[PDB]
Protein chains: 2
Amino acid sequence: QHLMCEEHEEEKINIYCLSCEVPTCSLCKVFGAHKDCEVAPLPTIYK
Amino acid sequence: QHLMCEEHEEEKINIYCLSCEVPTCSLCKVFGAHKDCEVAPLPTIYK
Ligand SMILES: [Zn+2]
Ligand SMILES: [Zn+2]
Ligand SMILES: [Zn+2]
Ligand SMILES: [Zn+2]
């Protein structure tokens with residue numbers, strides 16, 4: 001059971017943007033809207 | 001900037017289901033699919 005990113009439709013929402021205060025996907029951080037934001041892992045990252 | 005629940009379309013995704021490993025909304029925990037799950041707050045809850 002996963003949430004998928006609205007923009008990156010094949011990516012799982014697995015991180016949290018601490019700057020915007022919104023869960024996001026890895027590609028949103030690598031290339032996308034949160035590229036310069038501080039992020040945290042969601043538990044799924046280290047399970 | 002917020003993610004909204006797919007089922008509870010007026011609710012913000014502001015909690016994390018630790019049991020299912022998926023971000024969710026409060027109503028999913030109070031009444032919905034994650035009612036018997038263990039949950040955690042997302043940072044937005046205590047900002
Ligand atoms: Zn994305
Ligand atoms: Zn951001
Ligand atoms: Zn919900
Ligand atoms: Zn659950």
# chains A, B, ... in the order shown; residues from 1 in each chain; ligands from 1
call {"tool": "select_by_dssp", "arguments": {"residues": "chain B", "states": "helix (DSSP H, G or I)", "output": "number ranges by chain"}}
result
B: 26-30, 43-45
call {"tool": "residues_near_ligand", "arguments": {"ligand": "ligand 2", "cutoff": "10 Å", "atoms": "only C-alpha atoms and all ligand atoms", "output": "CSV table (one decimal) with C-alpha atoms, in the first residue's frame"}}
result
chain,number,residue,atom,x,y,z
A,16,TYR,CA,8.8,14.5,3.7
A,17,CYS,CA,9.6,18.0,2.8
A,18,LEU,CA,10.5,19.8,6.1
A,19,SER,CA,10.6,23.2,4.3
A,20,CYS,CA,7.2,23.0,2.6
A,21,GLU,CA,5.7,20.7,5.3
A,22,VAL,CA,4.4,18.1,2.7
A,23,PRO,CA,5.1,14.5,2.0
A,24,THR,CA,6.9,14.1,-1.4
A,28,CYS,CA,10.7,15.9,-6.4
A,29,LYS,CA,13.8,16.3,-4.3
A,32,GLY,CA,11.6,18.7,-9.0
A,33,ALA,CA,9.8,21.3,-7.0
A,34,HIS,CA,11.6,20.5,-3.7
A,35,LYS,CA,15.1,20.3,-5.0
A,36,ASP,CA,16.5,23.0,-2.7
A,37,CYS,CA,14.4,22.0,0.3
A,38,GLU,CA,15.4,20.2,3.5
A,39,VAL,CA,13.8,16.7,3.6
B,1,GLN,CA,0.9,23.5,0.2
call {"tool": "residues_near_ligand", "arguments": {"ligand": "ligand 3", "cutoff": "6 Å", "atoms": "only C-alpha atoms and all ligand atoms", "output": "ChimeraX atom specification"}}
result
/B:5,7-8,24-25,27-28
call {"tool": "write_last_selection", "arguments": {"atoms": "C-alpha atoms", "output": "mmCIF file, in the first residue's frame"}}
result
data_model
loop_
_atom_site.group_PDB
_atom_site.id
_atom_site.type_symbol
_atom_site.label_atom_id
_atom_site.label_comp_id
_atom_site.auth_asym_id
_atom_site.auth_seq_id
_atom_site.Cartn_x
_atom_site.Cartn_y
_atom_site.Cartn_z
ATOM 1 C CA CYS B 5 -6.663 12.462 1.149
ATOM 2 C CA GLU B 7 -11.053 9.346 0.068
ATOM 3 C CA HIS B 8 -11.583 12.291 2.442
ATOM 4 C CA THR B 24 -2.845 9.319 5.747
ATOM 5 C CA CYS B 25 -5.510 11.766 7.027
ATOM 6 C CA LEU B 27 -10.491 10.704 9.360
ATOM 7 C CA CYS B 28 -8.799 7.585 7.937
#
call {"tool": "select_by_dssp", "arguments": {"residues": "chain B", "states": "strand (DSSP E)", "output": "list in words"}}
result
residues 13, 14, 15, 16, 17, 22, 23, 24, 25, 39, 40 and 41 of chain B
call {"tool": "write_last_selection", "arguments": {"atoms": "C-alpha atoms", "output": "compact mmCIF listing (two decimals), in the first residue's frame"}}
result
# COMPACT_ATOMS: atom_id res chain seq x y z
CA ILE B 13 -2.65 14.30 4.80
CA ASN B 14 -1.14 15.15 8.20
CA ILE B 15 -0.48 11.75 9.83
CA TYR B 16 1.53 8.59 9.01
CA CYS B 17 0.26 5.05 9.35
CA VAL B 22 1.63 5.14 4.32
CA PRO B 23 0.84 8.81 4.97
CA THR B 24 -2.85 9.32 5.75
CA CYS B 25 -5.51 11.77 7.03
CA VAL B 39 -0.10 6.21 13.69
CA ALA B 40 2.41 9.04 14.09
CA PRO B 41 2.04 12.80 13.55
call {"tool": "atom_distance", "arguments": {"atom1": "atom CA of residue 6 of chain B", "atom2": "atom CA of residue 3 of chain A"}}
result
9.5 Å
call {"tool": "closest_residue", "arguments": {"among": "B:45, B:2, B:26, B:12", "to": "chain A", "atoms": "only C-alpha atoms"}}
result
B:2
